[PDB]
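Residue strings, one per chain:
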Amino acid sequence: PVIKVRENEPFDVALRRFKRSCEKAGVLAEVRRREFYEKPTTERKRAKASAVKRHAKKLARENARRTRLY
Amino acid sequence: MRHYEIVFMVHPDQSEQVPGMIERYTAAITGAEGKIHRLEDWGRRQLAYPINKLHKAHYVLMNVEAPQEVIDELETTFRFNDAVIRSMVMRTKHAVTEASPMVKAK
Amino acid sequence: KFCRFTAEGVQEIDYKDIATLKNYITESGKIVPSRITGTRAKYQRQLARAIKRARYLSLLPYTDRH
Amino acid sequence: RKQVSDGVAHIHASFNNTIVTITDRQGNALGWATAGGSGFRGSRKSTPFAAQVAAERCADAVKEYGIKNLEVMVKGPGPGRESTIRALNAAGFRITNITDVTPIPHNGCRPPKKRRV
RNA sequence: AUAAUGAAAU
RNA sequence: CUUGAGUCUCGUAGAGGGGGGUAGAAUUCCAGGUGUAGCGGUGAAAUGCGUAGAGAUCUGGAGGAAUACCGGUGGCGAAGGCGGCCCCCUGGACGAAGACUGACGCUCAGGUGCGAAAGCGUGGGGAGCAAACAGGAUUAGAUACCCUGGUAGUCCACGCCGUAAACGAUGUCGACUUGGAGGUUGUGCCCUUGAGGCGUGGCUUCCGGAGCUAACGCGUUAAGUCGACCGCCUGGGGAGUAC
């Protein structure tokens, strides 16, 4: 995330550009997840749980639009 | 015999020996019933990150067909020479004779 | 999803082609996921191989701060 | 002293403290201030207000060198990334650049074990 | 933040 | 005799196995420059480090462990398991069109091999973190959970041990029996509208019909309908213990 202040450019715009670039790069997430060690079992379990939850939510929301609430 | 692609890089302040190097290696390959399919000399280029406090390396590319003992000896020469700072040897499926993207838009 | 390599019928991705390889890395030097660019799996794998070869030969960077 | 007119501000922002150090363009230090040494202790040491106060004090402690232009480098995840930059702009310098240099390993060493409390 | 225990029957 | 089982010819995808080189990010330590009172840690603290100049910032060097992004209900392996890049040696699977042998097959008591982590023997290596151990704290006590330190081990070569919720808690082989939506890897044809349709193989995820089941549920990758061979059970404790 490298930001160069352009001519005539105010300071708030540059600051917001900095924040947006860092959000796109995603450094805070990496730093937070590398703080403690995680076992391979826990890693695999988290991945599977996320996939199952996402699939089920998609199915439920796609099948919930065939009923009338009132 | 198999088909190989070779790339090597040279110190910027020793660019006056590259033609002699090319001649010597080509002679070594051709003396053992080998062939040379493509040869290219790219000149000096800016590096993407420094190597040993340097930028601006000199690049050479070759595409050949030869036995394995010759390639082994060539690698040994690269290892023990001090003008060469990096090198790569790869295997190919067929001979390559077309032109590279570096001799079409440089 | 649209794939340029499949559309043009390519055999290899040519680690020497910096112009093509530039379209698949971010401003930090990271490889871009396939679900954003719409490539196929075969060609995504070939592409990662090519980018790593270029990184070693020093035609591409590893990170934006060296 | 010797005038400089061009400097770099380094911000070190952890989950427990903030450190600000102003330097010339070759890495030679001129002054520093920290959040824990500005009247704050414990829970109040890790808040954006403390980081702001530290930025003000660091700006003051280098007024004899006559600095005009400043680059900014930020390193760390803690609270204090933005308050410091705002305070430096307010103090009256001109910001020319902003860079992030937080270090990330390409799979090196084993971290400590998870806390169970 | 931590933070214990309750005879057997009807 | 050729339909089960095999051999030959052309290709394709893959973290399948063994050996040797090499690259970039980051941690720790060692020697220098600038600079001056705090750093580190917790729910709150203090043991610890610091004017004998720490922490912060810049430059040079040493060492050994792991490979961000790609990366996914993705791939390969009999299971255990396998992930940076390049070279050498090597095992299996699958598809198209032909040729060849002629039941050469399935299962398997005793037998023999392979087999995560921890542990054991001899010789090396040791950033990071970590049983045992020492000191802050918390508490009625705290041989704990939290904090500051820390060695066996974790790494390499050769040899032992033979066990795990070693799990799909579901032995191996063959045949038959309505459907829908996806993933990955081969191959044939074309109305011709050169960018799209129509077919045919191997592996794999989710839902669900008849039937089955004590129920939960399984459902062409069966726990449905059948055939061939093997292993195992017979109330709870004592006990997978004693001799």
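Residues numbered from 1 in each chain as written, not as in the entry; some residues may be left out. Chains lettered and ligands numbered in written order. Part of a larger assembly, values for the part shown. Heavy atoms only, no water.

- Going by the annotation in the PDB entry, the name recorded for chain D is 30S ribosomal protein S11, with Escherichia coli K-12 given as the source organism.
- The record for the entry shows the title "Elongating E. coli 70S ribosome containing acylated tRNA(iMet) in the P-site and AAm6A mRNA codon in the A-site after uncompleted di-peptide formation".
- Its UniProt record, at the heading Function, says of chain D: "Located on the platform of the 30S subunit, it bridges several disparate RNA helices of the 16S rRNA. Forms part of the Shine-Dalgarno cleft in the 70S ribosome (By similarity)."
- Regarding chain D, the relevant UniProt record gives this comment under Subunit (literature references left out): "Part of the 30S ribosomal subunit. Interacts with proteins uS7 and bS18 (By similarity). Cross-links to IF-3. In stalled ribosomes contacts ribosome rescue factor SmrB." (UniProt positions renumbered as here; feature names shortened; annotations may be inferred.)

- Chain B carries the name 30S ribosomal protein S6 in the PDB entry, which gives Escherichia coli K-12 as its organism.
- Taken from UniProt, the Function comment for chain B reads in full: "Binds together with bS18 to 16S ribosomal RNA."
- Per UniProt, the comment on chain B under Sequence similarities is "Belongs to the bacterial ribosomal protein bS6 family."

Some details on the interface of chain D and chain A
Often, the extent of an interface is quoted as the loss of accessible area upon association of its parts.
1) Next: Contact with chain D, which involves 24 residues of that partner, is made by 19 residues of chain A.
2) Next: Interface area, chain D with chain A, both sides summed: about 2100 Å², of which 67% is carbon and sulfur.
3) Next: Summed over the shared surface of chain D and chain A, the number is one salt bridge.
4) Next: With a shortest N-O distance of 3.9 Å, A:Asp12 and D:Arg86 are connected by a salt bridge.
5) Next: Put simply, chain D and chain A have five residue pairs in polar contact between them.
6) Next: Sorting the residues of the side of chain D that touches chain A by element identifies helix 2 (81-91) and strand 5 (94-100) of chain D as the ones contributing at least two each.
7) Next: The element contributing the most residues to the side of chain D that touches chain A is strand 5 of chain D, with six residues.
8) Next: Summarising the sheet, strand 1 (residues 2-4) of chain A and strand 5 of chain D pair through three bridges and their orientation is antiparallel. Among the inter-strand pairings, A:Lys4 is bridged to a residue of strand 5 of chain D, identified as D:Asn97. (Contact = heavy atoms within 4.5 Å. Buried area = accessible area lost by both parts, 1.4 Å probe. Salt bridge = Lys/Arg side-chain N within 4 Å of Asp/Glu carboxyl O. Polar contact = N/O pair within 3.5 Å; in protein donor to acceptor, adjacent residues only side chain to side chain. Helix = DSSP H or I, 4+ residues; strand = E, 2+ residues; numbered from the N terminus. Pairing = 2+ DSSP bridges.)

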